[PDB]
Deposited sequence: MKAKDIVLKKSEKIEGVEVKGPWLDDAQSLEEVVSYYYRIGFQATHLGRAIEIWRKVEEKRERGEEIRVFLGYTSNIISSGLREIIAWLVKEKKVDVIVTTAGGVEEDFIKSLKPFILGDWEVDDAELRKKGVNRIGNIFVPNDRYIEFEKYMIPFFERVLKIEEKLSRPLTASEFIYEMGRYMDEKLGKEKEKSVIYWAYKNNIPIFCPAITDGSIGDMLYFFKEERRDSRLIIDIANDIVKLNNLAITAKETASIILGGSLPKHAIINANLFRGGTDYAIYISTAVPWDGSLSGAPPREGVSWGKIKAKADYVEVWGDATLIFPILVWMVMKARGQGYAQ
């Protein structure tokens, strides 16, 4: 006799946490979210007992476009993860949100182009967000170039993003305290982004280089692979928490290839594709807040 499939009886359940504790028994994806909760509960309890599991967190730009950005930022502030891989949008949107917020719209594209509003699903980014971002990135580019001139070597993408967090601390106010990039800098959590020029930052850098005839500002990706892979190899155990697919999933999986794979994995994805590995199929905005709370906060 195996585990009985049963949902919560709502006359007896006393909290939403209690409802969610039944998810491992509900079946389908609820069962997967239930398994994810208690895979991460091990890793977190094991970490708090001084056991070394290096936690790799990967996400695509939609994660940062959404309100999950604040949950990611908290995870980094509280040192719940050790290594981040994301996309160009995952970096720049975290910075931009520290300047002006994104706005909830509705999933009239011709009107949006006329009004200069960038739409991400049902989330709107007005044009002045990118102008404000340029005001900060152009001086950041000059600083990166001077650092490279002083070092006589290019910065890697992760060093670039590390320097971004240092730059955020110097130039921004209280808004930086909900920033992933800021807390990664403060807690020395590297952020890898092998395609950091594929977005607004790259567009900024295009104008900087076109205006100033610069070819000396270099972003290297060859030396980050050593840094990322070594972080997986030198760990006694690794865990993978990957939201979405694309470059971050592939990079984290590929990095853990060398040590024979990650030792624990939680995948959350809408892309149709032991007890220590699970994928939850669904939108991370629905799933991730419940997962984090049940692992980090639930009593």
Deposited residues without C-alpha coordinates, grouped into stretches that follow sequence order: 1-14, 122-123, 290-310, 337-342
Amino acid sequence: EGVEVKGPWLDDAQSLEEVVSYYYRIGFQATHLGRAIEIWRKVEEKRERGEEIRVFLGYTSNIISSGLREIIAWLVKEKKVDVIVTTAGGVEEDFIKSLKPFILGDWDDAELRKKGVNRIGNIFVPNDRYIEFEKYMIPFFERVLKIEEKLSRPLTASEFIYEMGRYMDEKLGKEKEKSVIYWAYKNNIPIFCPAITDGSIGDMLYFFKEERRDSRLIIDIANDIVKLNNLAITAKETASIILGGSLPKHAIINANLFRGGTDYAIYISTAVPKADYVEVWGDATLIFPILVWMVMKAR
From here on, numbers count along this sequence of modelled residues.
- line: Entry B factor averaged over C-alpha atoms, 145-153 against 120-128: higher for 145-153
task: Would you determine, from the values in the PDB entry, which of 187-195 and 205-213 has the greater average C-alpha temperature factor?
output: 205-213
- line: Based on the PDB entry, the highest CA temperature factor among the options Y59, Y267, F258, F56 is that of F258
- prompt: Taking the Cα B-factors listed in the entry, which of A88, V76, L112, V83 comes out highest?
  reply: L112
- prompt: Which third, lowest, middle or highest, does the CA B-factor of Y24 fall in along this chain?
  reply: lowest
message: Sorting by Cα B-factor within the chain, modelled residues only, which third would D108 end up in: lowest, middle or highest?
response: highest
message: Taking only the Cα B-factors deposited for this chain, tell me whether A36 sits in the lowest, middle or highest third.
response: highest
task: Could you tell me which third, lowest, middle or highest, the C-alpha B-factor of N254 occupies within its chain?
output: middle
- line: For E44, the third of its chain by CA B-factor is the middle
